[PDB]
Amino acid sequence: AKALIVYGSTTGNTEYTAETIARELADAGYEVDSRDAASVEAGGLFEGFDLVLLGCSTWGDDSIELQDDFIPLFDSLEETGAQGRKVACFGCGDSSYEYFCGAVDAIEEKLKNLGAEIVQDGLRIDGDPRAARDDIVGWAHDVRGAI
Ligand SMILES: Cc1cc2nc3c(=O)[nH]c(=O)nc-3n(C[C@@H](O)[C@@H](O)[C@H](O)COP(=O)(O)O)c2cc1C
């Protein structure tokens, strides 16, 4: 199978996560196309993938904001065809906050209402993804034995 990894990272956390996740896949027999959202384009993007990996960090204090690079993709997500698509969402945040990884929640929601089938519960990392690296290896892993 063929997977798409699209990520929004500001400080490099979600970028790290998507890489760990990328290999996760690739070492398993997976063909993987990883991309920065900063550059993606919504026009049938999801097209011809068996799984879509959609990542993003949270910003904001009062209001939930999505990693910046990712917003314009968030905005035009019904243009990508996530109909009966297989999508799992991930990102980084800090639980010191009230709407911890609230960016994972919104992603997942527009996905549903859109058509995707979420194969698994979003992976919400609290901290440097790097020290949770195992939590990560297992999630990539649970989404495989899931399709
Ligand atoms: C201005 C700001 C507000 C944040 N907003 C929240 C929050 O609402 N939810 C939470 O999960 N993460 C929140 N975080 C921090 C995480 O989003 C951020 O540290 C994270 O690691 C993103 O890594 P990245 O560079 O891949 O986007 C806050 C941190 C700061 C700087």
Side-chain angles (χ1 to χ4, degrees), residues 1-28 30-43 45-47 49-82 85-114 116-144 146-147:
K2 298 162 203 217
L4 195 38
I5 308 180
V6 169
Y7 63 77
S9 213
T10 283
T11 108
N13 291 3
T14 316
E15 219 200 24
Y16 177 80
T17 319
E19 300 179 301
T20 297
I21 322 175
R23 207 41 198 190
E24 252 315 288
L25 292 200
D27 265 0
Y30 261 105
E31 289 162 71
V32 190
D33 207 330
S34 297
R35 304 184 207 167
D36 195 326
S39 332
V40 107
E41 293 161 274
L45 166 73
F46 290 12
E47 261 163 35
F49 289 90
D50 306 302
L51 185 69
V52 168
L53 305 202
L54 272 192
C56 201
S57 48
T58 329
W59 301 96
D61 225 299
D62 268 355
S63 155
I64 294 170
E65 296 161 43
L66 324 163
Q67 193 287 337
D68 190 54
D69 288 314
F70 207 109
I71 295 171
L73 161 58
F74 178 66
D75 289 340
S76 16
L77 224 61
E78 81 177 49
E79 277 166 33
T80 62
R85 202 67 74 177
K86 303 187 158 306
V87 284
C89 302
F90 60 108
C92 293
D94 200 327
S95 52
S96 91
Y97 317 82
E98 195 187 334
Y99 329 116
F100 175 42
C101 281
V104 186
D105 309 25
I107 299 180
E108 310 197 340
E109 206 32 77
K110 179 81 180 178
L111 294 168
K112 228 170 253 182
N113 284 34
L114 264 183
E117 308 186 26
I118 296 58
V119 327
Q120 193 77 205
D121 285 343
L123 170 60
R124 293 155 181 22
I125 286 183
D126 175 356
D128 217 299
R130 302 189 192 45
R133 161 148 209 305
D134 281 15
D135 256 327
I136 301 174
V137 151
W139 176 93
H141 185 157
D142 298 359
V143 168
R144 259 155 11 190
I147 34 166

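Indexing begins at 1, ligand by ligand and atom by atom, following the structure's order. Starting from 1, each residue takes its place in the sequence as its number.
Ligand 1 has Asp94 within reach: a non-hydrogen atom of the residue lies less than 4.0 Å from it.
In this structure the side chain of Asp68 never reaches within 4.5 angstrom of the side chain of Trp59, judged on heavy atoms. Contact of the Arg144 side chain with the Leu25 side chain is registered, since non-hydrogen atoms from C-beta on lie closer than 4.5 Å. With contacts defined as side-chain heavy-atom distances shorter than 4.5 Å, the pair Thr80/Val52 does not qualify. Looking at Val143 and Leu123, their side chains never come closer than 4.5 Å, going by heavy atoms from C-beta outward. The shortest distance between side-chain heavy atoms of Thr17 and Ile125 falls below 4.5 Å. Taking 4.5 Å as the limit, some side-chain heavy atom of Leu111 sits within range of a side-chain heavy atom of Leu54.
When each atom of ligand 1 is checked for a heavy atom of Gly12 under 4.0 Å away, the hits are 25 (O). Residue-ligand proximity, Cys92 to ligand 1, at heavy-atom distances under 4.0 Å covers atoms 17 (O), 21 (O). Atoms of ligand 1 found under 4.0 Å from any heavy atom of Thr10 (numbered from 1 in listed order, with element): 24 (P), 25 (O), 26 (O), 27 (O).
The number of heavy-atom neighbours closer than 6.0 Å to CG of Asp61, taken from other residues, nucleotides and ligands shown, is 12 or below.
Regarding atom 3 (C) of ligand 1, its nearest protein heavy-atom neighbour is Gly60 O, 3.2 Å. When hydrogens are left out, the protein atom nearest atom 12 (N) of ligand 1 is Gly93 CA, 2.9 Å; that is the closest non-hydrogen contact. In terms of protein heavy-atom proximity, atom 24 (P) of ligand 1 is closest to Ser9 OG, 3.2 Å. Counting only heavy atoms of the protein, atom 27 (O) of ligand 1 lies nearest to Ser57 OG, 2.1 Å. Given atom 11 (O) of ligand 1, the protein heavy atom at minimum distance is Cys101 N, 2.2 Å. Protein heavy atom nearest atom 31 (C) of ligand 1, with residue, atom name and distance: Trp59 CZ3, 3.4 Å. Scanning the protein for heavy atoms near atom 23 (O) of ligand 1, the closest one is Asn13 CB, 3.3 Å. Remark: minimum distance from atom 17 (O) of ligand 1 to any protein heavy atom is reached at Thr58 O, 2.2 Å.
Within the 4.0 angstrom cut-off, atom 19 (O) of ligand 1 has no protein heavy-atom neighbours.
Of the polar atoms of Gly8, none of the N or O atoms is found under 3.5 Å from an N or O of ligand 1, judged by distance alone. Residue contacts with ligand 1: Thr11 is placed with a nitrogen or oxygen under 3.5 Å of a nitrogen or oxygen of the ligand (distance criterion only). Looking at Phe100 next to ligand 1, no N or O pair under 3.5 Å apart turns up. Polar contact with ligand 1: absent for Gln67 (N/O pair, distance under 3.5 Å).
Pairing each heavy atom of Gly12 with each of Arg130, the nearest pair is O-NH2, 4.4 Å. Looking at every heavy atom in both residues, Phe70 comes nearest to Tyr7 through CD1-C, 4.3 Å. Shown here for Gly91 and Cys101, the closest heavy-atom pair between the two residues is O-SG, 4.1 Å.
A cation-pi arrangement, defined by a distance under 6.0 Å to the six-membered ring centre and an angle within 45 degrees of its axis, is absent between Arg85 and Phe49.
Between the choices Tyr16, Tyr97, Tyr7, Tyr99, the shortest heavy-atom distance to atom 28 (C) of ligand 1 belongs to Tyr97.
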